[PDB]
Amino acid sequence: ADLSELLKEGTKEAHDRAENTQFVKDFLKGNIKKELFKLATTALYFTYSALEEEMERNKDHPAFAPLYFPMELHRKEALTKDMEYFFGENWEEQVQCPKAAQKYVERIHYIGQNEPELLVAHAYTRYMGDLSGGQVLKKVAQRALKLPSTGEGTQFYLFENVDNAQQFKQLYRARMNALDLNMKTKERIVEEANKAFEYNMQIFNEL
């Protein structure tokens, strides 16, 4: 009956599938050239901007409001700093939205403006996955791309405003499970979560 249990049990296949896409397998080594890492940083920028715009839009929506943690979870500012480091101050005038990302961005804007009960799916899959790895992936990328130990370029992977990940995860669980959702909506969230993973891998599968 619990949403977190439904998610956990009903997306293991897609979650394990995601955690060894071509790009990810290389990363846990570490591998990947700077130019692929910069592209992934570019793509992640646009998708997180989209998602965090919609999450703010539905800040006071009953189905989402308890999961709204801008200061603790949002990455647009971290990704912004990272883009600044690689591309420079006018990074926004240089890069463009890649086309696998724009498919996902279009999905997120639809969900955000028509079915905000399903934002939970995109937020759960993104931020809990990120909060999980962060501290480890950060060090692999620094070592692999010779980035400054001071943090420049890997701010995306750093959750400065979260004292303990596993304790915060439990809060997020309880807030998620305390959402006033019927069983039907919970199954649709699980389906939309699997789509979140689908969207994610096909982004990462593209130079």
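Numbering starts at 1 and runs along the sequence shown.
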(message) Comparing average C-alpha B factors as deposited, tell me which of 184-192 and 17-25 sits higher.
(response) 17-25
(request) Could you check which stretch, 128-136 or 71-79, carries the larger mean CA temperature factor in the entry? (result) 128-136
(request) For the C-alpha B-factor as written in the entry, point me to the maximum among 162, 145, 39, 51. (result) 162
(request) Consider only the C-alpha atoms of the modelled residues in this chain, order them by B-factor as the entry records it, and name the third containing residue 88: lowest, middle or highest. (result) lowest
(message) Could you place residue 156 in the lowest, middle or highest third of its chain by Cα temperature factor, using the values in the record?
(response) lowest
(request) Sorting the chain's modelled residues by C-alpha B-factor, tell me whether residue 119 ends up in the lowest, middle or highest third. (result) lowest
(message) Using only modelled residues of the chain, where does the Cα B factor of residue 168 rank: lowest third, middle third or highest third?
(response) highest
(message) Is residue 177 in the lowest, middle or highest third of its chain when residues are ranked by C-alpha B-factor?
(response) middle
